[PDB]
Structures are given as structure tokens and as C-alpha cells.
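>>> below: the sequence, then the experimentally determined structure.
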Amino acid sequence: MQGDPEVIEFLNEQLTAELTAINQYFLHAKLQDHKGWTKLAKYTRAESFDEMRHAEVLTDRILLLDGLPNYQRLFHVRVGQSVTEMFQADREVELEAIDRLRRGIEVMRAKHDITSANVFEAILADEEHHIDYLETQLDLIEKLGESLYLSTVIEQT
Amino acid sequence: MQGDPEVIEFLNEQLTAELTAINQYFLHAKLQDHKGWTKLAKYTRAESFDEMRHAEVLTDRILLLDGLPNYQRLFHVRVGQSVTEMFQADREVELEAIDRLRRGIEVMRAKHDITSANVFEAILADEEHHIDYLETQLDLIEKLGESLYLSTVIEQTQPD
Amino acid sequence: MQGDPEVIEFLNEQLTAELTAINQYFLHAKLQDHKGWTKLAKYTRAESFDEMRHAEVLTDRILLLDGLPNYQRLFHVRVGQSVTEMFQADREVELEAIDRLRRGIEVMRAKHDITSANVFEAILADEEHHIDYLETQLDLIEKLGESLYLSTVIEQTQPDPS
Amino acid sequence: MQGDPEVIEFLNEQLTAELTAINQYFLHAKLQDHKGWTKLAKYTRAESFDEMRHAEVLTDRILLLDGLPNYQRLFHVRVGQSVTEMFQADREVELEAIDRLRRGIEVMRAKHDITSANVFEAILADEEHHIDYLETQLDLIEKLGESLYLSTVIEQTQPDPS
Amino acid sequence: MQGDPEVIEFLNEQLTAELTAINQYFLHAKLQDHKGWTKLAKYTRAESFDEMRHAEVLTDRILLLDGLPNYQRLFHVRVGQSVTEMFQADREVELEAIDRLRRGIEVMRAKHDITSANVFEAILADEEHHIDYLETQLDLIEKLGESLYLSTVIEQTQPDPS
Amino acid sequence: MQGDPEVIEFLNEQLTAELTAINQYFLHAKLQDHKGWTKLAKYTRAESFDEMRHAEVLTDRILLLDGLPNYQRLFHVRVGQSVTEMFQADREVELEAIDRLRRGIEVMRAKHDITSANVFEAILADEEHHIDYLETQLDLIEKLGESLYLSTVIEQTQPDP
Ligand code: HEM
Ligand code: HEM
Ligand code: HEM
Ligand SMILES: [Fe+2]
Ligand SMILES: [Fe+2]
Ligand SMILES: [Fe+2]
Ligand SMILES: [Fe+2]
Ligand SMILES: [Fe+2]
Ligand SMILES: [Fe+2]
């Protein structure tokens, strides 16, 4: 079996993108744990684990399609100091991931490929859930207050 | 099998330092528990027991080298009224402990002694972890405010 | 709710005394363990822990009275080379403790304070038991002979199995 | 507490090196598993997780010293077709890491910093063990023959129940 | 990769020393057991096994560096009739080992080699503990008297783990 | 109660031989484990422990008879590069031990001492079993080939299950 070059390019772009997502999420989790916000650190660690589960599925698929996975390059990684910056950065990265996923799903469905379309659909659903959570947390922080939101997450054990 | 007098005096000085730390930490734990800040009291108790382990291993080591540990003299022990003063006091005390530990490690390693250097290294790592915790707690209380942090640490769950 | 200064000073003196006893007992236990005598080492460790409970309850009580405990002052600490010197030193320490406890109990009960008198009574009973043990051990070693006496505490005879 | 830039840059270089090792090891594990050789895939997975722990410890230490870990820089990642190429690439990576680790521990111990030296020592021991394993495996395959060596690592079974 | 001859010869000398210690300790344990002194025999057996572990780890380390372990030559092994001679012989061999270990770790650390230095530190700590035990036992028998000391190790073991 | 010098010297030289045997066997086991042949390493370790138990019982018997065991002298220890050299060295050691054992048991039984003869018989049986195993392993290596035998004996220390 030989896949089209376009679907290989789409899969490689997704792989690179969520490798970048992995690096960003793990760094943010470490920073939050260092600052003393334990529960946020646990949630971010879980999110990173889910993300590179996605990455493993993607590389397995592209390897099955008789291609060369790309591990050398990665996109830009951004970091923030306050919680708002981290939330906004994650929002933007998963947003562009969602847009690329939709475009790739359409093209791959048109190109008589099905299984890769299904894995793209599953990834899209997971990213949608994540961005929903991020938006909820952002508006909660905006309504409540930075100090109160930080106080309700401190553990000190 | 006798050791050098300089390493013995270094060990004695560190023993006195961690004994003073023991006393200060226990007093602060009792004072915090009196006012109702339960979680801080538990953490301070645990830290006092850690400094106890420091002191016990240190006196065992100096006694092995045919020395005379002194349990007589103490350094100045300071107390605070609010949380910031006690945090600052602990920070400064094991800050100077860290400095003395580094200098002693260098001299002792240069003087052809290894095991004492190793126990000094372990103690140094522990004190570095503790001062990191103190600094992050100080930054947290500075950002949040005294009332909010105190409310976070309040338990009020006494059985009766 | 404020206590009289005399009661506070009595509590502080007793706290200092039991802290000094803590230090002396722990040092003696460590020295005996290093020498090679084990049963004496564990018994001295237990006694040090008992005096540590003494100190904890004392500081709790004085703190309840809106007082200020002091952890700076410390009495003279004495050490010995042979077993007899250690026994005599501990005997003298707890003797002084007993005398101070009796005087404080009398004054404190005379000045309308009961709970502190009760904790002093409990501490006095414990100190009396300890000094009784010290005296009987000293008589035993004097009768038996030093070498023959300490031939008993030391042992390597696989005590782990049971 | 503050750290001088030399220790920070040494730790950052080691962090990037271990990240590159993570990527290369996992890619090789996936490739070997796809080819049909299973035990090699399991061993490579374990090695990738070990380097993963290394990286986590390194970034924790960097953050403790009030530094700025970087997750952007990445070294060159190389891949191979036959088993010999993979083993040679891993051997080169480990050799470079060992040399850098030795230079770094020397420099940072000469400037009064001990804990960082200790974590460097632990990492150095682990990478030394790994390169020893790679060398002995390479000697084994060179002596035995490629096909005969591969015949002992393949297995045919359904999805393994873990 | 490959080590310089100096570290190799240091490790070989230490290996020979620990082999000689193994032989001497086991012979002393057997002789003590034959005479009826029980606990001394099992303590010496435990010491023999500890030196066995020392030799094994040293052999692994030297073999890692592409060297040739020396299992042929031995130093001088000495025996004693009474307990004092055995204790003094063990003290002598431990002192020699301690001095050689210190010189070796200094030289090895001064030439960019850390892991072997760490194994030397571990061995040094263990032998220091052993010589401390020997010294305190010698002082104890000197104070107590040979016959009275021997009377406390003859019997009364009763090992019943269950 | 003390025995004759001849039996004690026989026992002493047998003790020296067994000590040399355990040294050689342990060194060979370490070399084989380092090279990557795990199962051979396990078998060699078991054999070394067996011979070193032999040495323990022999020195116990020597001490019972009011003698002086010697732990100072040693015989020549030989090492090999490939499997064939190791097997041949072990075979030679066992052959020498068997010959000495037979001569010693005959001589010492002819002089009214049977318990030492019995321990010699037990050791003789054990060493005979060992040399039989070595011979059959050498025959297998000759029949199959150096590479095929090693491919059979190697294993991957995955430790991930
Ligand atoms: C990029 C930097 C990453 C770091 C530092 C990291 C960190 C970790 C850590 C600390 C563990 C647990 C190790 C333990 O508990 O002993 C783990 C587990 C795991 N990681 Fe990540 N992670 C990263 C991204 C990745 C990567 C690169 C992979 C590669 C496949 C991945 C997939 C997994 C999987 C499958 C597990 C096991 C989870 C399970 O068995 O349920 N994640 N990771
Ligand atoms: C000043 C020298 C001190 C020494 C040598 C010392 C020694 C010890 C040791 C070794 C333990 C055992 C802890 C464990 O096994 O986890 C212990 C427990 C304890 N310490 Fe300290 N400590 C000291 C300071 C203090 C002081 C001044 C107090 C005052 C009250 C104190 C209160 C306690 C208590 C309440 C315990 C628990 C006792 C028990 O569980 O029975 N400590 N001490
Ligand atoms: C030279 C005369 C020796 C005598 C009389 C002797 C005696 C013994 C005996 C009877 C055992 C019990 C074995 C078992 O229960 O399976 C033992 C333990 C052991 N022996 Fe020796 N042995 C000698 C030399 C050696 C040497 C040089 C080594 C080198 C490594 C060695 C390796 C071991 C090991 C690894 C153990 C077990 C230790 C453990 O499990 O942690 N033997 N010794
Ligand atoms: Fe994602
Ligand atoms: Fe401390
Ligand atoms: Fe008392
Ligand atoms: Fe690594
Ligand atoms: Fe040793
Ligand atoms: Fe044998």
C-alpha cells in the first residue's frame, strides 16, 4: 500500500504540531508545580499525557502508510508568567490545530481514504473538549478574581 | 584513627547550628498550633523532626572520629509574631547554614576525608530543598495577602 | 485570663531544667551505645523521650496562660567517663528537679491555681520513680563489681530470633 | 538563591541532548516494532523512558536554581535502516553525552556547587551502562551474523496481553 | 571505552586485598566455631560475605573498562590462636586497606574518572565501620578480661524466628 | 585422636585444588556474563558455588582431625577466550582432581580411616558428573558450530514485562 503525498504531509504537520503542544504543556505543568499551584499542575500533566498518546497514534498510522515520520522539526513554543497567559497560549495552539484538522479531514475524505479520516475525527473531538475546558477556566478567572482563583487551588501539603 | 581538629570543629559548629534550628522550629510549631493554623503546625513539626535526623547523624559521625560533641552552647534563636517574621527567620538561619556547609565541604574534601564530606553534602541538599519551600511560600503569601493565606490554612476541624 | 508572674517563672525554670535533662540523657545514651553497652543505651533513650514529653506538656501549659516560653536559657550539662559518674550525674539532676517541683507545687496551690499544680504533681511522681531506679541500679553495681555488672548489659548472642 | 550562567548553560545543553535522545530512541523503537522485531522494541522503549526520567530531573534542578529551561533548541536526529546503523547512532550520541558530562562536572565542581555535580554523576553512570550494553550487543551481532542474530529476536503471536 | 593503566592497577590491587581478606575472615570464622564460641563465628561469616560482595562489585567495575582481573596472586594471610591476635590481624588488614583506598580515590578523582571513585568511597565507608567495630570490641575485651568476655558468647543463643 | 600426616596432606592439597577451581569458575562465569551469554553464566555460577561448598566441608573435616588448613598457596589458574578454551580448561582441572582423589582414597582407606574416604567418594562422584557434562557440551559444540550454539545460548535482558 502507498498513500498520497498530501495525506502524508497532513499527518506530518499534525505530528509536529502536537509534539510542540507536548513540550509546551509539560513546561507549563512544571512551572505551575514549582510556583505552588498543585491541582493545575496535575491537570496539565494529564493533558500532556493525552496529547502524546495522540502523537503515538499518529506516528503509528503514518508508519503503516509507508512513510517517513518527521521528528526533527517543531513549531514555535510560547510560555507565560501568569495563569492568563498560559491559558491563552493553549487556547491559540489548540485552535489552529482544530482548523488544520477540519481542512485535512475534508481533503482526506475526498481522496478516498477513510481510516486516517477517522483518527483525525477522534483527535478533533478531543481537542474540542480541551478548548471548551480552557474557555470555561478563562471566563471563571475573569469573573471571580486572580487572587481568589489562586487561593482556591493552593494545597500546601 | 583520630581526625583533624579542624574537621571536628566544623562538625561541632554544624551540630550547634542544627540544634538551634531544632529549638526554633519546635517553638514556632507550638506557637502556630496555638493560634489555629493547623497545616502550618504539621509542616513545621515535620521539619523539626528532619533537623533532628540531621543532628543525630552528625553527632554519631563526630563520635566515631574520637571526638567530644558539645551539647552546651547554642546560637541566638529568634521568634516572630506574624507568619512573615517566622518565614524570614527560618530563611536566614538555614541560609547561613548553607554557607557554612559549603565552606566546610571544600576544606574537608581538601583535607583527605570523604565520608564526612558525603554527610555534609546530604545535609546541604536537604537544606536547599527547605529554603526553596520557604521562598516559594513567602512569594505566595506576598501575592495573595495575609488574610487569604491564613484562611486557606485554617482547619477548625477539632473533634470536640 | 492572665497568670501571675511567679507561676510563669516557675514553669519556665522547670522547662529549662527538663530541657537540660533531655540533652544530658541523649548524650549519655549515645556515648553508652558507642562504648558497646546496649541495654543501658535503650533504657537511656526511653528516659530521654519521657523527659521530652515532660517538656512538651510544660510548654503547652505555659502557652495556655498567655505567657512567653524561653528556649534560650540552659543549665550546666555534665558528662561522665564510667557508669558510676553518669548515674551520679543523673541522680543529682533529678534531685534538684524534685526539690524545685515540691516548692513550686506548694506556692502555686497557695496562690489559687490547680491545673498547673496537677501537672507538677504528675511530673514529680515520674521523677521520683526515675530516681528510685537510679538508686537501686547504683546499689546493684556497687555490690556486684563494675566489670561483672557491665558484663551483663553487653551481648552478641543473636537476640533477633524469638 | 541565584546560579551563575555557566552552570545554567551546561544544564541547558544536557537538557537539549537528553531531549534529542528521547526523540531518537522512541522513533527507533517504533521502527523496530513495525519491522517485526519485538524484544528490541521493548528494550528501546525502556531506554527512552530512562532518558525521559533524566530530562525531568534536569529541568527540575534547572528550575530550582532560578533559571529558564528552554524546550525549543534541538540537536540533529539521525536514523538508520539496518540494526547496525541504529546501534552506531546510539553509540555516537552516548559518547558525546559522556564527554560533555565529564567536562561539565569538572567545571561546576571547581566553582562551589555540589548538588548539580551529584545529579551529573548519576546521569553519567547511567549513560555509561547504556553504552556498555550497546557495545556488547554490537560485538555479538558482528560475530554471529545479521540474519542469525535477528532470528533470535523475532516472535509470532497475537497482540500481547500486558 | 578504555581506562588508563593506573586506575586498572589500583582496582587490581584492591581486588587482591579484598580476596585475601575473604580468605582470612572465613578461616577465622571456622576456627572460632570449632572452639565453641558461637556468635563470633556467625558475625565473622557475615563479614566474609560483605567482603565477597566487595570483590564481586570490584570485578564488575574493572571488567567494564576492558581490563584483565587478577585472580592469581594473594597477599600474606595471618592467623591467631587467641581472640586478641585475630582482632589485631583484622585491624592491621583494615588499616592497610583504608590507606590504599584514600590514596587511590585521590589519584583517580584527579584524572577525570568519577564512578570508580564512588565505588571506592562506598568501600571506604564500609571498611571504616568494620575497623570501628573491631576497635571497640578490643577495648571491651581489654577492660573485661579474656575469660569473663569469653563466658558471654559460649551459648544461650536460642534462635526461634517463629 | 590426631590423624597421620599423609591423610592431612592429601586433604590439604585437595582443598587447594578445590579453591583454585572455585576461583577459575567464578572468573569464567563473570566473563561469560559480560560477553552476553546468560545461561552459560548461570550454570557456571551454580558450579562455582557447588565446588566452594565442597571446599567448606573439606576444611571442616580437616579441622576436626586436629590439623592446620592452609589458605595461602594456590595452583595455576588458566583462562580462555572462546567457549572451547574454557571447556577444555575445566576438563583438565576435573581430570587432575579425579586422579588425585582416587589415589588418595585408596591410600587413606588402606590405613584405617573411613570417614575421610567417604567424603572423598562423595566429592569424586560430584566431579565425575561435572566432567561428563563438560564432555557432552564439547561434543554438542563440535557438532553444531560455534555461532549456532551461541545463538542458542544468548538472551535479551528485557526486564520489561
Ligand atoms: C517530551 C517530553 C516528555 C516528558 C519529560 C514526559 C514525561 C513522562 C513521565 C515522567 C512519565 C512517567 C514515568 C514514570 O512514571 O516513571 C511519562 C509516561 C509516558 N509518556 Fe510522557 N512525557 C513527555 C512526552 C511524552 C513522550 C515524548 C512520549 C513518547 C512516547 C510520551 C508518552 C508516554 C507514555 C505512553 C507514557 C506511559 C503512560 C502509561 O503507561 O500509562 N509522553 N511521561
Ligand atoms: C533537642 C534535642 C532533641 C533530640 C536529641 C531529639 C530526638 C528525638 C528522636 C530521635 C525522635 C524520634 C523521631 C522518630 O523516630 O521519627 C524524637 C521524637 C520526638 N521529639 Fe524530639 N528530639 C529533640 C528535640 C525535641 C524537643 C526539644 C522536643 C520538645 C517537646 C521534642 C519533641 C519530640 C516528640 C514529642 C517526639 C515523639 C516522641 C514519641 O513519639 O514517643 N523533640 N526526638
Ligand atoms: C574461598 C572459599 C569460600 C568459601 C569457604 C565460601 C563459602 C560460602 C558459602 C558456603 C556460601 C553459601 C552459598 C549458598 O548458600 O548458596 C557463600 C555465599 C556466597 N558466596 Fe562464598 N565462599 C568462598 C569463596 C567465594 C568467593 C571468592 C566468592 C566471590 C564472589 C563467593 C561467592 C559467594 C556469594 C555471591 C554468596 C552469596 C552472597 C549473597 O547471596 O548475597 N564465594 N560463601
Ligand atoms: Fe492536541
Ligand atoms: Fe537543617
Ligand atoms: Fe524529669
Ligand atoms: Fe541520558
Ligand atoms: Fe572490604
Ligand atoms: Fe569439587
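The structure has been received and is ready for your questions. Numbers count the residues shown, from 1 in each chain, chains lettered A, B, ... in the order given. Ligands and ions are numbered 1, 2, ... in the order given.
>>> following the strand or helix carrying residue A:25, which helix or strand comes up?
Residue A:25 belongs to helix A:5-35 when elements are defined using DSSP states H and E. Sequence order places helix A:38-64 as the next helix or strand after helix A:5-35, per DSSP H and E.
>>> how about that next one and chain B, touching?
No. Helix A:38-64 lies out of reach of chain B by Cβ under 8 Å from any Cβ of the partner chain, never closer than 11.7 Å. (Each C-beta comes from the backbone N, C-alpha and C, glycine too.)
>>> report the buried residues of that helix.
Buried residues in helix A:38-64, counting neighbours by 16 or more other Cβ atoms under 10 Å in any protein chain shown, are found at A:40-41, A:43-45, A:47-48, A:51-52, A:54-55, A:58-59, A:61-63.
>>> before we move on, back to that, angle of the helix holding residue A:25 against helix B:115-144?
Comparing the axes of helix A:5-35 and helix B:115-144 via axes from the mean of the first three to the mean of the last three Cα atoms, to 10 degrees yields an angle of 100 degrees.
>>> show me the two of the buried residues of helix A:38-64 that sit farthest apart.
Across these, no pair lies farther apart than A:40 and A:63, at 34.8 Å, counting by Cβ to Cβ.
>>> residue A:156 contacts residue B:38, doesn't it?
No. Using Cβ atoms under 8 Å, residue A:156 is not in contact with residue B:38, being 11.3 Å away.
>>> overlap in contacts of the two?
residue B:153 (Cβ atoms under 8 Å, 6 or more residues apart in numbering or on different chains).
>>> and the helix or strand hosting residue A:108, anywhere near chain D?
Using DSSP H and E, residue A:108 sits in helix A:83-110. No. Helix A:83-110 is not in contact with chain D by Cβ under 8 Å from any Cβ; minimum separation 13.0 Å.
>>> thinking again about what came up before, wait, does the helix holding residue A:25 contact ligand 1?
Yes. Helix A:5-35 is in contact with ligand 1 by Cβ under 6 Å from any ligand atom, via A:22, A:23, A:26.
>>> excluding residues flanking it in the chain, which one is nearest residue A:65?
Residue nearest to residue A:65 in three dimensions, not counting chain neighbours: residue A:3, with 4.1 Å by Cβ to Cβ, 6 or more residues apart in numbering or on different chains.
>>> any idea which residue of chain A lies closest to chain F?
Residue nearest to chain F within chain A (Cβ to the nearest Cβ): residue A:56, separated by 16.8 Å.
>>> which bits of chain A sit near chain D?
Within chain A, the positions near chain D by Cβ under 8 Å from any Cβ are A:23-24, A:26-27, A:30-31, A:34, A:59-60, A:63-64, A:69, A:71-72, A:74, A:76-77.
>>> just the buried residues out of those residues, in ChimeraX syntax.
Buried subset of these, written as a ChimeraX selection, criterion 16+ other Cβ under 10 Å:
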select /A:23,24,26,27,30,31,59,63,69,71,74,77
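>>> tell me the contacts of the residue nearest the centre of chain A?
The residue lying closest to the centre of chain A (Cα atoms, centre = their mean) is residue A:21, at 4.8 Å. Neighbour list for residue A:21: A:51, A:93, A:94, A:97 [criterion: Cβ under 8 Å, 6+ apart].
>>> ok, now which ones touch the residue in chain A that chain D sits nearest to?
The minimum distance from chain A to chain D, using Cβ to the nearest Cβ, falls at residue A:23 (4.3 Å). Shown in contact with residue A:23 (Cβ under 8 Å, 6+ apart): A:74, A:77, D:71.
>>> which one among these gets closest to ligand 1?
Ranked by distance to ligand 1 (Cβ to the nearest ligand atom), those are led by residue D:71 at 8.1 Å.
>>> look up phi and psi at that closest one.
Backbone torsions for residue D:71, taken as degrees, to the nearest 10, come to phi -120, psi 20.
>>> list the buried residues in the helix holding residue A:25.
Judged by neighbour count using 16+ other Cβ under 10 Å, the buried positions of helix A:5-35 are A:7-8, A:10-12, A:14-33, A:35.
>>> can you tell me the closest non-neighbouring residue to residue A:13?
Closest residue in space to residue A:13, ignoring its immediate chain neighbours: residue A:100 at 6.5 Å, by Cβ to Cβ, 6+ apart.
>>> what sits against the one you found?
Residues in contact with residue A:100 (Cβ under 8 Å, 6+ apart) are A:10, A:13, A:14, A:17.
>>> and those, which is closest to ligand 8?
If you rank these by distance to ligand 8 using Cβ to the ion, residue A:17 comes first, at 57.2 Å.
>>> isn't that closest one right up against residue A:97?
Yes. Using Cβ under 8 Å, residue A:17 makes contact with residue A:97 at a distance of 5.6 Å.
>>> which residues are in contact with residue A:11?
For residue A:11, counting by Cβ under 8 Å, 6+ apart, the contacting residues are A:58, A:61, A:62, A:65, A:67, A:116.
>>> switch to 10 Å and redo it
If you count contacts by Cβ atoms under 10 Å, 6 or more residues apart in numbering or on different chains, residue A:11 has them with A:3, A:58-59, A:61-63, A:65, A:67, A:69-70, A:104, A:108, A:116, A:119-120.
>>> with residue A:51 instead?
Residues near residue A:51 by Cβ under 10 Å, 6+ apart: A:18-26, A:94, A:97, A:123, A:126-127, A:130.
>>> kindly recompute the last result at 6 Å.
With Cβ atoms under 6 Å, 6 or more residues apart in numbering or on different chains as the criterion, the residues that contact residue A:51 are A:18, A:21, A:22.
>>> no further queries at this time; thank you.
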